[PDB]
Amino acid sequence: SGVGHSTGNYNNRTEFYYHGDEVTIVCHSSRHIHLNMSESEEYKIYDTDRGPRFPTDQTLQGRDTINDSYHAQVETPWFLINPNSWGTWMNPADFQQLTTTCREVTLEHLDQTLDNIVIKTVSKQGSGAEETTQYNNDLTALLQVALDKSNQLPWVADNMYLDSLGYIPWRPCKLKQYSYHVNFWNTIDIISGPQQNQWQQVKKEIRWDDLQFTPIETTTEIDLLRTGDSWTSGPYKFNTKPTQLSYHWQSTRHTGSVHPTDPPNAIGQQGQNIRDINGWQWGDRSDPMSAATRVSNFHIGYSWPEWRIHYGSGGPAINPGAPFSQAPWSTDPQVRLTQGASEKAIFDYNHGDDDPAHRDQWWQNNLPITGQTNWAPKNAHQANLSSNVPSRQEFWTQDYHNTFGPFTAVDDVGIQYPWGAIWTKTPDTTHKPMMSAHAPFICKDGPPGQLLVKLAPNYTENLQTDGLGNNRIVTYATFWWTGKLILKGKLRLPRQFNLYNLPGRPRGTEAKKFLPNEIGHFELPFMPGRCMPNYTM
Amino acid sequence: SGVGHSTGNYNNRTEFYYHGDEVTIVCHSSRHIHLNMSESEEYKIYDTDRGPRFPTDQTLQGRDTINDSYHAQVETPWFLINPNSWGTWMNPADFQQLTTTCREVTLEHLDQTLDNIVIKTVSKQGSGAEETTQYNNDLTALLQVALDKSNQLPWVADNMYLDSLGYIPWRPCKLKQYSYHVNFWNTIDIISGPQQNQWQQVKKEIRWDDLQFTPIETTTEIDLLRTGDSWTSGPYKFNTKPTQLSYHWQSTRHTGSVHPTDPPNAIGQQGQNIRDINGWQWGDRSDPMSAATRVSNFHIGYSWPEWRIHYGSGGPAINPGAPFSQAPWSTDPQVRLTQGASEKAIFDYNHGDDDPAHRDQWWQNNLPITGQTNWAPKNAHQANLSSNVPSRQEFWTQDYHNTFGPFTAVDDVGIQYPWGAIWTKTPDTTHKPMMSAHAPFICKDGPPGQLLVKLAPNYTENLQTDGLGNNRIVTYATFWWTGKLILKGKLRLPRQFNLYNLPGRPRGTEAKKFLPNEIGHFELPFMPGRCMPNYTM
Amino acid sequence: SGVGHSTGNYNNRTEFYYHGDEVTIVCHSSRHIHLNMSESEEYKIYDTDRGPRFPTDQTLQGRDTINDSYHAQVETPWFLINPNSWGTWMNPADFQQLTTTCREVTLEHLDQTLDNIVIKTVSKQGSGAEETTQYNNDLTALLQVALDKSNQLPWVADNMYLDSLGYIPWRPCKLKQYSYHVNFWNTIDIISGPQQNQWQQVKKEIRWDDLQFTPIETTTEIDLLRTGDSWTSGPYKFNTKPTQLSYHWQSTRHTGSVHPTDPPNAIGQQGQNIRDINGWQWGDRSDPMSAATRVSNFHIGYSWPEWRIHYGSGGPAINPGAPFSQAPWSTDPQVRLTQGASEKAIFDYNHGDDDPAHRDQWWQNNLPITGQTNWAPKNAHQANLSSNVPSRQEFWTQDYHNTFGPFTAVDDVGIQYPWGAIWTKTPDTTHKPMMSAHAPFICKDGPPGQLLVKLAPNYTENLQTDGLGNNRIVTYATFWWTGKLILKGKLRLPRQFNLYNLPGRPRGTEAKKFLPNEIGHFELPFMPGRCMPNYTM
């Protein structure tokens, strides 16, 4: 190109192609990215404060230790571009088209580019209120671009902390610095002290002798780009497995053969369960034949120590448990039952909040997903199962056992449209996780490579080793990210006689939200991604 | 054919073909099926009573809520033919031949037909004790036949409720109507009230806005058959995995290298465990070297909250746990220990009971399967494992934890000959069950399609919309189902020097049972299907 | 075939095929039809009573003369099978699939058959309460089948009077006799008498000298069918034009360039219309430049003498006017404004009512269709249009003029799912109608031929010319109609950023309707067929 030729165009429109039972979705996305000169040109390793609302005393007996943010990390001068959110890609009407017409979807491949690089230096004349800023584009300045296609850098592209390209095509995007954890010990003893009601710090430190420090420079090759230059990543092919776009309402009581019933006679009458019937029960039960004790081949859902806080080497964390809905147990609407492994997105103006300077939030309670719902305290167990009822003993109620086992069938959450991550890195361990607690797609052979960008340091006349920022000219860049990810769906067709409830906005919400304001402010709606019902087995 | 030509024959004999280490079993089966005019020509959706022996009060503190039969369902006018039981296929001597000569077996493919359709209308003349019935065959009447080869209907072909073609070749079979569950909430709180000793209904209702209604007519294509007509399903090919025809007696103490022992000298003496030996223990143990604390690679069996009652969206159900034998713990014969995930078949005259008007029962306690036996209260855990014994603390006994994990190896029940189901539908969920609590074969790509039959309604002169059965002529049909399923076994050969105990009748039983009576009444014997012992590892 | 072979099968399932922007919908439908012996074997010509609720006096000044049912007709012994309703074809979930995924649809071709003919004679023995009916199938009896593929018979297949094959696949259908109007004069003078407030009959008579009588026998060839016989119509190809599956919200004030506006500043402020602007107005207006008087190229909608009663040769009728919504004018919900050329379906158990012995009704007020809404009394006209406002004179308000003209653009109603007709006969006149007030498809070259059926008369031993029904044996038939119509849609894709409101049940309704009952009773929902919004110009 040159100084005066643009190196790319803008395509943010998505494509749907229906042939047979297959549906190809080509999602185009384009962003205008504002980049600033790095705060420091150096890599920094440091630990942090314990975080806000962490206990300084034992008044709460240490139940507040779940508010630990403590950690250690390497501060990279680079910046991360991840398009790892749904909604960086599709608009609300495009995701509605996806989930109405597709029963499941996969990731096919990903492309992305960077072009129309503009680098400006900001100069100031005069002083005081007479100070005048001038923005001069530096035509010979460089932008540094690193993509690790070999996945040799630590992966932090999880959309957690919602650091991702924004969801609204016409607004500018602003990157966050690339940073990763180093080895540290944070171990908190909540059993400490007499009566074992006190919490105590055991070890909180950076672990230096075991630590790993990988810079971007010695790891991946870096492209240096002027104004007339562009960058393409090349094709990336996913290998994942499809995600279900429907939700399952069947429990193990909704599942198999139906208990023999005598039909009702008139419009007010109910069916009657037949008393003497033949079939397979579990224990010695031969007379009750309760549909409850009917033997089944599998079991849908499992119990857990809901809100399991694992106090590990790095600190307390949550061990999630299975997703489901508390709607069958809900009763009072005011009380909010979080125990279905619910999640909550806290988001901002670029990520689909209408208000600048304040953040909005969405608690996904997973209401459509029932039949998987297992509240651990509601369960029980008996010593024996037979024609006799056990006594006060022989019967236990509130336990909180993990009942995951070889016979259980569960679901995952699925796509969570605006704020949910798309793919995920697979942990490199002897036993790889069977499924993911958040991201619908697990990458079997390496996640899409991380695109890291940096402005090359632009130095003044004098260069002093003692100097940091006083030594470089104040600089910023704006450029354009474009990307294309392609999806493969499977055509959804009616499986029932009656009308479906088709995808749409969340229940209590209206449509004046989600539409631009007099100032241009609007939100993106939550789209479940498991949308319409389907049979399990 | 025509009115006066028969459209098929009767083949109920089974074939064994031995070539090399492979053995092909071709099971032929033929049934004479009696069908009646549907009670109603319409689809009905209704819920039921809570069931017999369900509590109307809190006297039992709500431990009787396991007797819940409540549910909701769509009443289809159609009728189900499922040959999904073992024993619809093989007679006792044919299944003995299978389990003696085969170490494992698979399902190969299935064929089935319907032919020799006979439809009669029953007319009555006179009134009172002079009333005379006449049975006239209606040559132009139709039989409706629907097979869903695409598995688009809810699957209820689980042989639970023993609704399946009968086990005795020369007796007539009688179908049950096809029915399936709809979406309903049944949630029972057994924690309710002060002291948390009371039970309460939370939500019991049909869930109408989320409900799915699929008729047979809008789903699958229906064949209309006269007398001279027949129906073949076409070939169905299973893809499953083999089932083990042997039982495993080895626990993790029966498994690996043997503790070093000094042999006995004379006929009364025992071996002595050598005191100072070298090897891998678990904790700091270096001196005891107890075979108990020898490290092993795996563990055989797992604990569970035996008789786990999961109170889910549809109601309470049992979360099974692993099958095993209580025989090592049995002691007193009178007490019946159900905790090995035992099952009980309640069956009737056509399904292998000798007495009409009464039902017999068989409690399968799984006695041969040991080494998998884990009674959860009998276990323990310690804080540390070392050359020292822990104190009163540091040692816990009755826990009921699920100990299934990454190192565990377990079995399933296997074939349960007369009353057990053969195959099963795989639940459509993110995590598919690792194995099945009952049916030995899991269908990876769709279960054999369900054959639904119906008599077309035969109407009188006048047709009134207000009329139901007063509008159609009283009609019934008899026809002949034939089917062929083929099995692939692997030849069993002696692995030991000493004599085996070969398959036969259950232990306490005699042979005057299982043989016809002066009236022709006899039972079919339970055949374990895991019959002879084998080594695990 | 023969007596004992069935001549066809049952396929009621619908198919969707998506390739590119084209979508083929193959609708299969199958009905079980109950036919009775004709009331008379002869053609009858007669006139009727004036009808219920017609005035016998002048108390209402003759405004009740709109309740005239009077007419004359030829009574044919034959019976009509018309599948001319939407909903004879698709179920609610299949029509939802159509209107979500298609922006417009055409009719492609139609096939239909008749098979599995069963003819029974009913005999009675004894007398009194001892009387015994016997139903004997007469194997040599005939069914008469006439299809006029040349459209030489009068066409009465308009689904008006909802005489059409039923909407529920599993219920029996019952035909109505074929009948058509003859030439009669009915002329009512509502101007009669002094003060012109009285109504009077002018001429009410059958017009015999001009009358036309066409039997089925001398017109079309008739097929005679035994039990082992079937009938296929052959292919019929439609030539029609597509119907729009979207509704238009734009009026002529929603349409073109927008009035110049000064945008709002903060969240509560509104835009301000700019005062001095340049553009094309209508009259001498140069200063006001009201968006109202902006010249436009076309005009959307037209006024009418709403509820125009044309007193013609055959009697009073309604001259419809354009369809639109009264929702912008609605205000009070209790008052029901009918003036948008609304329609009302009155239907019964087979046609989608849940209650037998009572009828339900649906008033289609066409609420989504706005921008076409022209209430004639709300309009006005002025003498001159200029910078001056006219006086009390020069301005007229309540007029009721027909404002249809050369610049107007209007819509039609579109598909009305359960009860609406599909196609229509084109009147043979010098000026053919531009569009249709009800049926979405006008047949340019002949409507699908009418299928007329009749049982051949089955006579007793003696045949007397004086005898009518006393001469023929009491007979009825049941048989099976199958048909296939194929549609061509155009793929609907998102035209907007925000979420659509997707097709579903009518607003105030719940889903416990539309789903089967404990007795099996349910309704079919109204599906608009103009479902989602779209831009006009």
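Structure determination for the deposited model, as stated in its record, used cryo-EM, and the stated resolution is 2.84 Å.

Enquirer: In this structure, what is going on with the interface of chain A and chain B? I would like to understand it.
Expert: Put simply, an interface is often sized by how much accessible area is lost when its parts join up. Facing the 101 residues of chain A at the interface are 119 residues of chain B. Taking both sides of the interface into account, the surface hidden between chain A and chain B amounts to around 9,800 Å²; carbon and sulfur atoms contribute 55%. Three residues stand out in chain A for area buried against chain B, namely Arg253(A), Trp280(A) and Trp282(A), and they jointly supply 10% of the buried area on that side. Our count for the contact surface shared by chain A and chain B stands at five salt bridges. For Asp284(A), the salt bridge is made with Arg336(B), and the minimal N-O distance between the two is 2.8 Å. Counting every contact that joins chain A to chain B gives 71 residue pairs in polar contact. Within the residue set of the side of chain A that touches chain B, elements represented by two or more residues are β16 (246–248), β18 (272–273), β19 (279–281), β20 (299–300), β25 (380–382), β26 (395–396), β27 (408–409) and β32 (532–534) of chain A. For the side of chain A that touches chain B, the per-class residue count stands at 39 nonpolar, 49 polar and 13 charged. Alignment of β25(A) against strand β20 (residues 308–311) of chain B, held across two bridges, turns out to be antiparallel. Counted as the bridge partner of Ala380(A) is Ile309(B) from β20(B).

Enquirer: Could you clarify how one ought to interpret the relation of the copies chain A and chain B in this entry?
Expert: Two copies of the chain are present, and they differ by a rotation about an axis and a shift along that axis. At an RMSD of 0.0 Å, chain A and chain B line up after a rotation of 120° and a shift of 0.0 Å along the axis. Expressed as a symmetry operation, the mapping of one chain copy onto the other fits a three-fold axis. Comparing contact sets, just 6% of the residues at the interface of chain A also lie at the interface in chain B, consistent with a heterologous contact between different surfaces.

Enquirer: Teacher, can you tell me more about the environment of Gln195(C) here?
Expert: Mapped onto the fold, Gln195(C) is located in the loop between β10 (184–192) and β11 (198–206). A polar side-chain atom of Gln195(C) sits 3.0 Å from a polar atom in the side chain of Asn197(C).

Enquirer: Hey, could you run me through the nonpolar core in this one?
Expert: As a rule of thumb, nonpolar side chains are buried together in soluble globular proteins. Counting residues in hydrophobic clusters, the biggest one holds 153 residues, and the most contacted among them are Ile81(A), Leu98(A), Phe213(B), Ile81(C) and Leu98(C). Setting aside its immediate chain neighbours within four residues, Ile81(C) contacts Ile33(C), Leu114(C), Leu165(C), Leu175(C), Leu451(C), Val453(C), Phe479(C) and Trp481(C). In this structure, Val295(A), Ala322(A), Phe395(A) and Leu175(B) belong to the second largest nonpolar core, which totals 90 residues.

Enquirer: Honestly, the relation of the copies chain C and chain B in this entry has me stumped. Any pointers?
Expert: Between chain C and chain B, the superposition needs a rotation of 72° and an axial shift of 0.1 Å, giving an RMSD of 0.0 Å. Taken together, these values place the two copies in the relation of a five-fold axis. The two copies present different faces, since only 12% of the interface residues in chain C are matched by interface residues at the equivalent positions in chain B.

Enquirer: Any chance you could explain the pattern of salt bridges here in plain terms?
Expert: Note that side chains of opposite charge can pair when their charged atoms are close. This model, assessed by the stated rule, comprises 44 salt bridges over all chains. Between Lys513(B) and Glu523(B) there is a salt bridge, with its nearest N and O atoms 3.4 Å apart. Of this pair, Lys513(B) sits in the loop between β30 (475–491) and β31 (532–534) while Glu523(B) is found in the loop between β30 and β31, placing the two residues 10 residues apart along the sequence. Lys513(B) gets classed as partly exposed once you look at its relative accessible area, which sits at 35%. Take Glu523(B): its relative accessible area is 6%, and that puts it in the buried class. One connected set of salt bridges, linked through shared partners, spans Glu41(A), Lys454(A) and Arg472(A).

Enquirer: Before we go on, may I ask you to explain the interface of chain C and chain B in this structure?
Expert: With 50 residues of chain C in contact, the opposing surface of chain B contributes 51 residues. Interface area lost by chain C to chain B is led by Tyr10(C), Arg13(C) and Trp170(C), which between them contribute 15%. Between the two partners, chain C and chain B, sit three salt bridges. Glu42(B) is the partner of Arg171(C) in a salt bridge, and the nearest nitrogen-oxygen pair spans 3.6 Å. Across the chain C-chain B interface, the total number found is 22 residue pairs in polar contact.

Rules and cut-offs
- Residues numbered from 1 in each chain as written, not as in the entry; some residues may be left out.
- Chains lettered and ligands numbered in written order.
- Part of a larger assembly, values for the part shown.
- Heavy atoms only, no water.
- Contact = heavy atoms within 4.5 Å.
- Buried area = accessible area lost by both parts, 1.4 Å probe.
- Salt bridge = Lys/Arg side-chain N within 4 Å of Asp/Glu carboxyl O.
- Polar contact = N/O pair within 3.5 Å; in protein donor to acceptor, adjacent residues only side chain to side chain.
- Helix = DSSP H or I, 4+ residues; strand = E, 2+ residues; numbered from the N terminus.
- Nonpolar A, V, L, I, M, F, W, Y, C, P; charged D, E, K, R; others polar.
- Pairing = 2+ DSSP bridges.
- Least-squares fit on C-alpha atoms.
- Core = buried A, V, L, I, M, F, W, Y, C linked by side-chain atoms within 4.5 Å.
- Buried < 20%, exposed > 50% of the residue type's maximum accessible area, 1.4 Å probe, protein only.

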